[PDB]
**Student:** 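I'd like to ask you about the structure that follows.
In what follows, every chain begins at residue 1, and chains take the letters A, B, ... in the order their sequences are listed. All ligand and atom numbering here is 1-based and tracks the order in the structure. What's counted below: heavy atoms across the whole structure, side chains too, no hydrogens, waters or symmetry copies.
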Amino acid sequence: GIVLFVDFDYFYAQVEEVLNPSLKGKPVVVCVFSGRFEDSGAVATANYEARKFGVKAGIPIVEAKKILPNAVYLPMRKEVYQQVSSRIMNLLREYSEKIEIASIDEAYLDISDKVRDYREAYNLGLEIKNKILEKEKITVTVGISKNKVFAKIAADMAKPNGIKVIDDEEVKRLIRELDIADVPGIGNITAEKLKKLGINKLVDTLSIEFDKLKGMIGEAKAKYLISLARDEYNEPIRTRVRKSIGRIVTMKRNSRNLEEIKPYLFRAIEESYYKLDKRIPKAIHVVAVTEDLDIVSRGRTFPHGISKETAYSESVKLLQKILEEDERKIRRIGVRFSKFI
DNA sequence: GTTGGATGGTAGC
DNA sequence: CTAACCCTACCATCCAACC
Ligand SMILES: Nc1nc2c(ncn2[C@H]2C[C@H](O)[C@@H](COP(=O)(O)OP(=O)(O)OP(=O)(O)O)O2)c(=O)[nH]1
Ligand SMILES: [Ca+2]
Ligand SMILES: [Ca+2]
Ligand SMILES: [Ca+2]
């Protein structure tokens, strides 16, 4: 069982570089401008030139301009990156039909039937990197291992423009030696709980009682972590089926005023419903980000598919329910559809 | 006990 | 307006319905 993983390098900014080659070699920051004030919003991503100075995903645009005023700031053009991505996903399809598109910039290939061993896998990695480079001028990082998790870790260890194999023996080693915080699915909350327990390595999860581990991090995470330490993790590559689709937007200013919010909600519904594309949802959720960045939601599941009109009426009601039950002003409003027929 | 709906937490993009 | 966007996957917990 061999898995090949592809993660595109500094994706959004790299795409801007390919569109505009004069940008290459200098700092580029791709931004989400919220319109609340001059330069309000956050960085979506930046090239390596900009990361050298601390500019990266998630920081505020003004914070990036403070620490890097002369960089090139461009607005996130989501659709453009999606088009480049799709073309790249189709190139990858010509290498294995058995492909899991896992996000805007990454995919898993099961190549067990394409190659005999890690060596040939490494070589396909080379051919894949070159082809994506011929056709789209985009550099990627390849990770190759026995499963999804270690193929992801391998690519993380090689970024940028790298390729890395983690073979059966280094999986053993990594189980004993890799900091557990570095395992995909282990964020800052789980990391801290593990530290208190004195669980630092995957191997450590085999020397603690399940109930005690499950009591701290929850069942599924405990199962997942143990499965990896036992080297019995084998989740198959599966065709990507979206479970929810939606849209969220930032308001000019914070409001508790239904009439001042409505236009944004409706903008989010039109865009959401368009992205459904023949998919018919049975659930709608209105999502509100409050003044203090708390995420709050109200939803409804129908026994039947929701029409655009039903979505219009229900989300207004659902918004009012948020206003009824939470006293805070709202800052971002959106809508999410799930449970596709 | 099972399934699943409402809502929130965590994670990573 | 004074920093904090976009999008999706998955799970936990608190309850209700089933039977
Ligand atoms: N709006 C927004 N977009 C994000 C965020 N994080 C990532 N993205 C988008 C932009 C990225 O280019 C793309 C892929 O995310 P990655 O984590 O793989 O980062 P990226 O490819 O830019 O860096 P890479 O060289 O792996 O390190 O997803 C975020 O916090 N907000
Ligand atoms: Ca990625
Ligand atoms: Ca990437
Ligand atoms: Ca981590």
Side-chain angles (χ1 to χ4, degrees), chain A residues 5-19 23-24 27-35 40-52 54-61 63-64 71-86 88-89 92 101-108 128-129 132 136 138-143 149-164 174 178-195 199-202 217 221 224-225 228 246-250 289 293 295 332 334:
Chain A
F5 172 73
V6 186
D7 196 323
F8 313 155
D9 298 328
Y10 62 108
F11 186 49
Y12 289 7
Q14 200 187 352
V15 173
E16 298 294 358
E17 266 166 40
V18 170
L19 267 13
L23 266 16
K24 190 159 165 66
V28 170
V29 179
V30 175
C31 304
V32 190
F33 294 99
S34 50
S40 82
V43 176
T45 196
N47 61 16
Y48 286 75
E49 281 78 19
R51 302 194 195 176
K52 288 270 194 316
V55 179
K56 43 153 209 299
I59 71 167
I61 295 162
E63 189 168 286
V72 171
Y73 294 77
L74 304 162
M76 182 184 69
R77 296 192 287 168
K78 187 53 174 300
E79 314 88 299
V80 165
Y81 323 135
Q82 188 57 73
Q83 283 156 353
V84 175
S85 189
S86 294
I88 298 169
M89 298 313 167
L92 296 177
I101 294 154
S103 76
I104 187 68
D105 87 323
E106 75 209 307
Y108 297 92
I128 286 168
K129 282 169 74 64
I132 298 175
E136 297 299 323
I138 290 282
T139 72
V140 309
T141 292
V142 172
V149 178
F150 286 97
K152 207 198 224 184
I153 297 157
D156 292 344
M157 292 174 166
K159 280 184 190 184
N161 183 29
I163 174 153
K164 177 150 166 62
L174 284 175
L178 189 69
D179 175 344
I180 201 142
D182 284 3
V183 185
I186 308 301
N188 294 142
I189 309 306
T190 317
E192 299 318 289
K193 287 169 170 184
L194 294 170
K195 285 294 199 192
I199 291 182
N200 302 288
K201 306 290 144 85
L202 276 160
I217 67 167
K221 270 183 175 82
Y224 165 80
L225 290 187
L228 290 150
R247 172 81 174 151
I248 190 182
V249 298
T250 309
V289 173
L293 313 172
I295 298 175
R332 294 173 70 230

**Student:** Just which atoms of ligand 1 are under 4.0 Å from any heavy atom in A:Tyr48?
**Tutor:** 24 (P), 25 (O), 27 (O)
**Student:** Run the side-chain contact (heavy atoms from CB on, under 4.5 Å) check on A:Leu174 and A:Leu202 step by step: do they pass?
**Tutor:** CA-CA 8 Å; A:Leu174 284 175; A:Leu202 276 160; over 6 Å; no
**Student:** Can you see whether A:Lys24 engages A:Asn47 through a side-chain donor-acceptor pair at a distance of less than 3.5 angstrom?
**Tutor:** no
**Student:** Answer side chain, backbone, both or neither: which part of A:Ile104 comes under 4.0 Å from ligand 1, heavy atoms only.
**Tutor:** side chain
**Student:** With a 3.5 Å distance limit and no angle check, can you tell me whether A:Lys152 reaches the backbone of A:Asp7 through a side-chain donor-acceptor pair?
**Tutor:** no
**Student:** Examine ligand 1 and decide if any of its atoms is less than 4.0 Å from a heavy atom belonging to A:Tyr81.
**Tutor:** no
**Student:** If you round to the nearest 0.5 Å, how far is CD1 of A:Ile248 from CD1 of A:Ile295?
**Tutor:** 7.0 Å
**Student:** Is A:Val140 close enough to the Ca ion (ligand 3) that one of its N, O or S atoms comes in under 3.0 Å?
**Tutor:** no
**Student:** Heavy atom of A:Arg51 under 4.0 Å from ligand 1?
**Tutor:** yes
**Student:** Closer than 4.0 Å to some heavy atom of A:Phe8 - which atoms of ligand 1 meet that?
**Tutor:** 21 (O)
**Student:** Should A:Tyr10 be counted as touching ligand 1, given the test is an N or O pair under 3.5 Å?
**Tutor:** yes
**Student:** Pick whichever of A:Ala46, A:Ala44, A:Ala155, A:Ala13 has a heavy atom sitting closest to atom 7 (C) of ligand 1.
**Tutor:** A:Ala44
**Student:** How does A:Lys159 reach ligand 1, by side chain, by backbone, by both or by neither, if only non-hydrogen atoms under 4.0 Å count?
**Tutor:** side chain
**Student:** Answer side chain, backbone, both or neither: which part of A:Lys78 comes under 4.0 Å from ligand 1, heavy atoms only.
**Tutor:** neither
**Student:** To the closest 0.5 Å, what do you measure between OG1 (A:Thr45) and NZ (A:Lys56)?
**Tutor:** 10.5 Å
**Student:** Shortest non-hydrogen contact from A:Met89 to A:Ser103?
**Tutor:** CE-O, 4.1 Å
**Student:** Check whether any N or O atom of A:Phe11, backbone or side chain, sits under 3.5 Å from an N or O atom of ligand 1, and answer yes or no.
**Tutor:** yes
**Student:** With side-chain contact (heavy atoms from CB on, under 4.5 Å) as the criterion, how do A:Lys195 and A:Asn200 come out once you've worked through the C-alpha distance, each side chain's angles and the decisive distance to 0.1 Å?
**Tutor:** CA-CA 6 Å; A:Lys195 285 294 199 192; A:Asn200 302 288; 3.2 Å; yes
**Student:** Under 4.0 Å, heavy-atom basis, I'd like to know which part of A:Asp7 is in contact with ligand 1: side chain, backbone, both or neither.
**Tutor:** side chain
**Student:** CD of A:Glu17 to CG of A:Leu74: how many Å apart, nearest 0.5 Å?
**Tutor:** 10.0 Å
**Student:** Go through A:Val43 and A:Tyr73 one step at a time and tell me if the side-chain contact (heavy atoms from CB on, under 4.5 Å) criterion holds.
**Tutor:** CA-CA 9 Å; A:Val43 176; A:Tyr73 294 77; 5.7 Å; no
**Student:** Would you list the protein N, O or S atoms within less than 3.0 Å of the Ca ion (ligand 4), leaving out water?
**Tutor:** A:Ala181 O, A:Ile186 O
**Student:** Quick check on side chain to side chain contact (heavy atoms under 4.5 Å, CB included): which of A:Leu92, A:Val142, A:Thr139 does A:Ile132 satisfy it with?
**Tutor:** A:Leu92
**Student:** How wide is the angle at the Ca ion (ligand 3) spanned by A:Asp105 OD2 and A:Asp7 OD1, rounded to 10 degrees?
**Tutor:** 80°
**Student:** Sequence neighbours excluded and cut-off under 3.5 Å, please list the side-chain donor-acceptor pairs for residues 78-86 of chain A, or say none.
**Tutor:**
from	atom 1	to	atom 2	distance (Å)
A:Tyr81	OH	A:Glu16	OE2	2.6
A:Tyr81	OH	A:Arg77	N	3.0
A:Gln82	NE2	A:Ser86	OG	3.4
A:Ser85	OG	A:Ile104	O	2.6
A:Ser86	OG	A:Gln82	O	3.0

**Student:** Checking A:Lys129 against A:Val6 for the side-chain contact (heavy atoms from CB on, under 4.5 Å) test, could you report, in this order, the C-alpha distance in whole Å, the side-chain angles of both residues, the deciding distance, and whether it holds?
**Tutor:** CA-CA 9 Å; A:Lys129 282 169 74 64; A:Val6 186; over 6 Å; no
